[PDB]
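Protein chains in written order, with PDB author numbering: chain G, 1 to 52, 52A, 53 to 82, 82A to 82C, 83 to 100, 100A to 100E, 101 to 113; chain K, 1 to 52, 52A, 53 to 82, 82A to 82C, 83 to 100, 100A to 100E, 101 to 113; chain C, 1 to 52, 52A, 53 to 82, 82A to 82C, 83 to 100, 100A to 100E, 101 to 113; chain I, 32 to 147, 157 to 309, 312 to 321, 321A, 322 to 359, 361 to 398, 409 to 504; chain A, 32 to 147, 157 to 309, 312 to 321, 321A, 322 to 359, 361 to 398, 409 to 504; chain E, 32 to 147, 157 to 309, 312 to 321, 321A, 322 to 359, 361 to 398, 409 to 504; chain D, 1 to 94, 96 to 106; chain L, 1 to 94, 96 to 106; chain H, 1 to 94, 96 to 106.
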Amino acid sequence: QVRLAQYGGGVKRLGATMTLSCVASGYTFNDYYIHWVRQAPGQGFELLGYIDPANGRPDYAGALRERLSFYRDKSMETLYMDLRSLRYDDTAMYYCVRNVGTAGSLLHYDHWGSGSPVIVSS
Amino acid sequence: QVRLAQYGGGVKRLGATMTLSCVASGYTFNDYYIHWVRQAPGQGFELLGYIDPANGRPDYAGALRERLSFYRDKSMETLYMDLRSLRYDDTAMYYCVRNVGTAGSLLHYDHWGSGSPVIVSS
Amino acid sequence: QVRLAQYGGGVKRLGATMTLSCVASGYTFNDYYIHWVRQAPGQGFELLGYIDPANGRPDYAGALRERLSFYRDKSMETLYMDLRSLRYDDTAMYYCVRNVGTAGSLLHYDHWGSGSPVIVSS
Amino acid sequence: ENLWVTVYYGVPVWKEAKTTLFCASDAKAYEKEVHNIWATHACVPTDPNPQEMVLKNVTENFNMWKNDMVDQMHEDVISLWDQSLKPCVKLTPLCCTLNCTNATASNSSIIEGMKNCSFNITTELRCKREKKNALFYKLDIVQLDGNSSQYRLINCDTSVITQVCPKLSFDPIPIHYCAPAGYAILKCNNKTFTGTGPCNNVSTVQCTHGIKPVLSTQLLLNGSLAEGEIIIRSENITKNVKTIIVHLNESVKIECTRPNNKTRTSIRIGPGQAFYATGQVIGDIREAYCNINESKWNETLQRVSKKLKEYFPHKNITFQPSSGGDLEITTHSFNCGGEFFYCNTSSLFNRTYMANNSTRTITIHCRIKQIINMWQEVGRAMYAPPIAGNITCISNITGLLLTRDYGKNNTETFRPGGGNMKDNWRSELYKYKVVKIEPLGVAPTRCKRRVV
Amino acid sequence: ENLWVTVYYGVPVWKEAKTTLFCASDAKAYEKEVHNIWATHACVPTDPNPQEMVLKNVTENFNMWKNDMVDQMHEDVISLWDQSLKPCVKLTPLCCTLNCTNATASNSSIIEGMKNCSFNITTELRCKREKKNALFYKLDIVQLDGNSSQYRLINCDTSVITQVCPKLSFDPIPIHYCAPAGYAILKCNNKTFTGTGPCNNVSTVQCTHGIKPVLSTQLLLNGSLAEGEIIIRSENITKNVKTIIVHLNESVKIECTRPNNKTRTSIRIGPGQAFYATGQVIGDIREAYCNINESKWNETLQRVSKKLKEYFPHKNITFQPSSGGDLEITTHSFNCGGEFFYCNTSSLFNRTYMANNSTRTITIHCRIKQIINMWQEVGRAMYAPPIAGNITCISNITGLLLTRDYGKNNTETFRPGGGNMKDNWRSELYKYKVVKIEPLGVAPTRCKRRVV
Amino acid sequence: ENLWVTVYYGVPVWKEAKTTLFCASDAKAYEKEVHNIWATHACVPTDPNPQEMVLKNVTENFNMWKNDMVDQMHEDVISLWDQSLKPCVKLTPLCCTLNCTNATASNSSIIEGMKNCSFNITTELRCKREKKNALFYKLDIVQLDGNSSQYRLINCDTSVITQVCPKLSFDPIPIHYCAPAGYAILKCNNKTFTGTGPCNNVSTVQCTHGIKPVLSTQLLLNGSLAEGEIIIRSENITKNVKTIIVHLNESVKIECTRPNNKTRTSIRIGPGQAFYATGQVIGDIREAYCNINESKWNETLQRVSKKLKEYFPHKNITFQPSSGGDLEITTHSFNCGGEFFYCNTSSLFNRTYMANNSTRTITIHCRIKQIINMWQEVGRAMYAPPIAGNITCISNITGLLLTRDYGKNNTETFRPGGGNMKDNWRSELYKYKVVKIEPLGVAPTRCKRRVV
Amino acid sequence: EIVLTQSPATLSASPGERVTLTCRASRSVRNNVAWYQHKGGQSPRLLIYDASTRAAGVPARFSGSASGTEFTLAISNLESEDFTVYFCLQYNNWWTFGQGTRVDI
Amino acid sequence: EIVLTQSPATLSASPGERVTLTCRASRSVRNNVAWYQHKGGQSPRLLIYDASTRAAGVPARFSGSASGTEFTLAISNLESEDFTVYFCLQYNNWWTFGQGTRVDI
Amino acid sequence: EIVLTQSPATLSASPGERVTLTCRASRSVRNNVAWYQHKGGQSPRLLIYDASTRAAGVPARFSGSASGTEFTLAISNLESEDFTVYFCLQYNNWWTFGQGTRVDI
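As structure tokens, this is what we get:
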């Protein structure tokens, strides 16, 4: 039923800005938060932040608050992640991931998108 | 809630014809009869006639049946009183007034419009 | 209430082709089979075939399967009978007739159209 | 002595209440498979015969003006007309400005009550426009400013216009009203009943007799007749009254015709639906008109005056035509066959009175109309397609909707009025009242219950 | 001697009646959150297991032709289709005249089953009129008069066309039917049952087994199988019959494909809605087609003849293709994946018989269509958006809808027919009957009640 | 010894369940004949006074997050908004590209938050193309590509726009919720209640107190006040939470104005259909703005921090403006009079804290908007007609919808949020729970029934 | 082809008499038989079907019955309406008509 | 034309006093009579109708009663609001007003 | 920032064996912990959440439990499917993952 397709993966020039993107289907787009998570090679997973698709509210990891931004084209069930000013260590696999929650609390993840690789070198 | 606004008041030339007007709001325009009533200075109130806004049926005081006419622009919740062939003694305050009634009988008045003064002299 | 009007009756040339026609009204056009029946002068009635107006399915008498065809302009509640290659003995009265049926079986006739005469001679 | 409470269930006792009555009908049309604008839309199966029970020794009040069910009759008739018009086509594409000229037929170099017109239309939707033409009775149309060849349909400024589908019929059917379980309907059978106060001969039914939902103004027609001599019903809070209903004990026949032949034409609106515009008028041109037995008319107004002076004991009574307002009240109006009529009744009502049958035949001029206001609402106007060919019609006058003038020295005066459709149903529902049974009675008795 | 009346409540006794059955379903799709045109629209929660009770020593009548619930199945399926199509977009802006030409595959002067077309469209209201293009299967389109480059969509003369929203699925789901309280459903379990007369092994349930609402004609598919050898069901008022249902004890597989790739395209209609027009065809072109095991087909028609001659004891039986009429009955038709198919079954039905597995594989030519009539109504029609890419499908033939020719000397003849959708549901609802319990029984007994 | 079963009917015992509550209201508006978007649409007659009964010696659980009736409040408010907007005019003919320029007034050679525009329309259907002009607050509008004189309404691309009819009012009314028969509503009266766990002072009612359906974001306003000192409500599954509700024991006044005069203009769309475009701005031009007592604001945030550090015992707390997203959450928003406001609250929330009245008056900049999404849906949007003249408004702040940042060393941080309308009703429905009575209790007793 | 024979071909009667018409089949047709009045130069009308059911609006003077391969129509009162042609029809297998019968003075 | 006479034409009073105004008709009007306050230069307001029913929102200090052809209005407390003109109206037959009455210091 | 430690980093096993993986937190996370299978080069899948609830469609061979700051994942039968990477995740405070664990022959 549900999917999180992805695009935007590829080689990126040193110090450039990129927009990655994620496309949802098969579920009520307002009901679930989306988290952006990554894995550098040889490292455990890491959280960049999350976005509420319904109102577009973002929230960010304290290390990356200056560099990231999130937005959604709500009619298209589609999300975008900007990362400004890339560095060599941003070289990683990037996923959009769906997060379950009650009306009160956000909880575990229940579905992972296809993943986009990114390589930072000119 | 309800109103009866009025216009058309002012100086009128001797022997001329005038249309006064009354604008309703805030209630079901078909349900209440409208009466046209006046007061000459130093005289008690006097009835000119009444109109059913729903079908436009008029009725007149026997003294003025030749001179008066009534009509309504029903989509505008708006009534008009013509008085033809003015004389000095028509100089008065004129009101449109709302009349309560059951399905059987017309009764007392429950709301008076803002009043229009008229002065008959060239 | 119901009718079966008819047209197309008249003199026809020897060996020609004709379309007769029948127009229904006053009942649910999908619910009843229509039969085409004729009477040559001095002969008992004879069945040509029947058509289901709903899907346009026909069935024909074994003597005339080569020569007949039936069709309907369904939005016009209107039926047409082609008879190809006329012969002198086709000279007859022709009727469209309504046939009652349950969901299972087709039964007696309950209404006859106005009748169209046809004369086969040049 | 030695008395205790007891409860009786099912005790026959009642009080008046507002309650939702059932619509009831003959189970399909007049017990037939025909398509009719009332009975084809639900309204349940036939009452084969109302099981009327006459109550012994009951005195009970009735009030036809303050009545709890007339409103439901009004709402239900509105509802059936809405539910039946809703699927039919909106004429909205037609509403832009018409070009028009004098209408004509062979050996009729004018037809006077009418205009010929041509207009832009969109024959298949959202592509190339086309010019089409038709003629209209002049009352359907307004002329835009100046000397002006330019005209518009009278209502489509203010309101949507729906064409009634030619599949339907305007014919009335005898509707019945029935109580839900635990309510009951009372008739009042006193043959002199004025519509208010006590009745002394009373009966109950699960349902009313039939009522025919006839749209009409000035004249009550195809209704019931009064059992006595002529009955005059009014409110009695004040001498001022909105309407007086006069109910006859003898029907007066009226006959009417639209003798000209109509050529219906079909103009496509879009998918499947067509505007049945009015094409060429055919035959030797006449007005629409109606006829009445003048002997019976004179006797009827004599009898009406002879009763009406019992309410108004001073010397002079007089009748006059309408004072002013819309066609719908300023004329008698009705819907013979499938088109709407408006008749200048002034020749019927020029009469006077004071203290102490096919001859002279009255005939009256009528205009006819395709664009109609209904229930006196704005916003929701109706278009009648033309009835093809020519039309004859007969109906029974049964009562007059009068209203009364300013009172002046020794002289009452009356004219035709009403027009607010509620008064038609109140002119026949005046019999009934609805009550709820309150079956849980209690009383003293010479008993007590055992404790064991 | 010494007998008196007594009442027993709850007595197990019944009579046949028309009654409103519940729609029942698996509680969300196939017990899943997917969007499907049946179970996503209401129809209540799952029956976990029907509590079938076998009745001892009951003999009871059944009549599948005169049945009281087949009509409700027909209305309910229509209702779900109406309720689900109503919110989807009307193609009303598209209907006016197309310009068209021969369509082309890659490497090719042509593609044969289709026509390329271009058309005026309005897009966002009172922005510029604009030109767009698409190709259609030829059967969706009529050529306007003359040698003519001019064409129109086949239905939109008569009707509104609604595009079914690509969010939905045409897939059947196993619907159940259930009795309201105080009604009961009886199955008839006799494994030889012909659909009429008495049954001698009977059971009751609160609900039916699952039924799949498969739209099909000529061939009953993805249905149940008969428990005996092949059963032939007919009416028996007359030798004249509308349909004969043949119900197989063994499924015959059929496989089908639309192997060409379809390029979906999006054309904006208005403030949220896209017309999913059909763009360029991709890949090495084939027809749509279907395949059958010819051994199994030959055995099936041998078995069918070998039973059918028990009803018709004279010397010869024969099968033929359709006589004439619409595609919907003149061909086998079904809705694999999400597009509609029409197959020239003439090669299946050329067979003859008389008194006294992946080899030879049958394959059949099919056309495919986007504009569809449903339930044999007019004035409303469905547009199917193209399924992108290419499609494969498998299904089980389970029965034949035959009809019989004019009877002639020593020779019956049959051809595919049916097409009136009621016969599909009657081809599976033939088991059930619905009854009302009448629990208030009375009888004599050897007792009287005490007065104290 | 010697015990047997007995049944007691009507036993007071209950369990929690989902159940359909009644909408209840003052019987017509505020007990008046005015037209208001809530109480004029059904929702039954007044509760004159809720018959609260305090339960002796009951300990009972409540859970405001998992609550069974908040969803029904959300659906019911949406339903009333749908049912009331449905008859009003769709602005669809307005939706095509506009030419636009800088807007102005006398002695105001700019009005800065705004654009003047002109557009193609048809004044009557199928009459000639016509040009009309109006000005729009810039947030209602998008600019098409390039340096571009070309603009469009922000939503008519994606969605249908309905103008709310000027007859209505956006004013809240005190709605009540009531149990159907056999359900009961429990309040939890403990004056310190955090929204989860047991309560020890409990009462029952047939209906809730009044609730005002105020649309707002960031700030809860015109609500109830907490009975203790300030209460902070959160979920407690995890430190991660979607919203924190802060409920004040003391209202803080906020005052607001739209001081510019508005010239309403009427542009026709069709039969009885008029679009109230925004015509010339009049008077000495200002922004919309709001004012607050800075003493009370400082005390309130001091008190909030002084409670909030009880949940978060480590040293530092901080407040900040919104992070990003739509105007609807990135600003405080509310609907004073009959237009919608959006205020840059950053000057309210720059504050910090750590371990151990008409003076300084705060005033805040606000923009205002005519095109509105509701309930965070898409595909439907509301156009607010301009309120003519100029507007003043006063309301009571009663609580804050906070959300919390990433946790970092010795430092919590919070900002305004919420915006998902469910949290507003959950910020007042936190009291109630609904239960079903299960009255058929059974127990042992020292009795047996006689056989005779 | 199932044959129908009517008898007599022409039936001699007087007004107000009771009169009987007969039809026979070449083999069984169950009761699947109907009778029609054929007024001169006009569309026929249904009288009776299933050899016995008088149709709606048909005059009560008409009646009918069956025995094996034989079918009977009767009229209680001849009239100028009914000195006319009538035919039997069978719908058991295919459809076929009798040669018709005339009733005259 | 049914005449109404009010009496007195002008009524002398002091604030906080109870005060009574009278109206008479040339013949019976049943109870179909009403009373209005007329503030100077302004649209009048309804006080009482059917000689006795105080209208909605009217101050409780107003009251009224009837006997035959005579009608009475009373006020429990005079005020600067109420040192003003008042008139009786009848709606039994035709409508007609009294000459009005002024209450002053 | 709540740390998760997995142990072992790599786990030696044979097919059809029961196998156990461990995760510990730098402080309490209640039961708000989940486990995921990570097949090579593919989107991960949920196994268990709230340290104990097996998710829908997950193989019954997976199970899990908790004690204080420590969390345990178990598998009843190793297979070529399951000689793969797995990770623990906590969602009590902020989100953070373990370094992952590989199961191999």
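Where a beta carbon is used, it is the ideal one built from N, C-alpha and C, also for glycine.
Distances from the alpha-carbon of I:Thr90 to those of I:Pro79, I:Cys228, I:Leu193 and I:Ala221 put I:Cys228 closest. The alpha-carbon of E:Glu106 is positioned some 41 Å away from that of I:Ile424. Within the region 159-179 of chain E, those residues whose Cβ lies closer than 7 Å to any Cβ of chain I are, in chain order, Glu164, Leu165, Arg166 and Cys167. Counting only Cβ-Cβ distances below 8 Å, K:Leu48 has no contacts in chain I at all, with the closest Cβ about 11 Å away. Between the region 424-433 of chain E and the region 199-208 of chain E, the count of Cβ pairs shorter than 8 Å is three or higher; the stretches touch. Non-local C-beta neighbours of I:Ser388 in its own chain, meaning closer than 7 Å and more than five positions away in sequence, comprise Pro363, ordered along the chain.
At a beta-carbon threshold of 7 Å, the residues of chain K lying near E:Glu64 are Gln1, ordered along the chain.
Less than 8 Å separates the beta-carbon of I:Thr320 from that of I:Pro438. Less than 8 Å separates the beta-carbon of G:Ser113 from that of G:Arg13. Of the other Cβ atoms in all chains shown, fewer than 16 fall within 10 Å of the Cβ of I:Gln114; this residue is therefore exposed. Fewer than three Cβ pairs drawn from the region 368-382 of chain A and the region 335-343 of chain A lie within less than 8 Å of each other, which leaves the two stretches out of contact.
For C:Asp72, there is no enclosing alpha helix (DSSP H); the residue is part of the beta strand (DSSP E) that begins and ends at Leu67 to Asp72. Around the beta carbon of I:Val281, 16 or more other beta carbons sit within 10 angstroms, so the residue counts as buried.
Looking from the CA of D:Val58, the closest CA among D:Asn92, D:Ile48, D:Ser52 and D:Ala66 belongs to D:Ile48.
In this chain, the alpha helix (DSSP H) harbouring A:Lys350 covers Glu335 to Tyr352. A Cβ-Cβ distance of about 6 Å is found for the pair I:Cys126 and I:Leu193, placing them in contact under the 8 Å criterion. Assigned with DSSP and collapsed to three states, K:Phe29 falls in coil, not helix or strand. Straight across, the Cα-Cα distance linking K:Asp52 with C:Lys73 is about 52 Å. Each residue's CA atom was taken as its position, placing A:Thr394 and A:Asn461 some 15 Å apart. Only those residues of the region 183-213 of chain I whose C-beta falls short of 9 Å from the nearest C-beta of chain E are listed: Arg192, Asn195, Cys196, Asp197, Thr198, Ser199, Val200 and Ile201. At a cut-off of 8 Å between beta carbons, A:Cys331 makes no contact with chain I. Distance from the Cα of D:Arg18 is smallest, within the candidate group D:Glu70, D:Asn93, D:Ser63 and D:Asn92, for D:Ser63. At least one beta carbon of chain G lies nearer than 8 Å to the beta carbon of H:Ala34. Shown here for L:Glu81: not one same chain residue has a beta carbon closer than 7 Å to its own, the five before and five after excluded.
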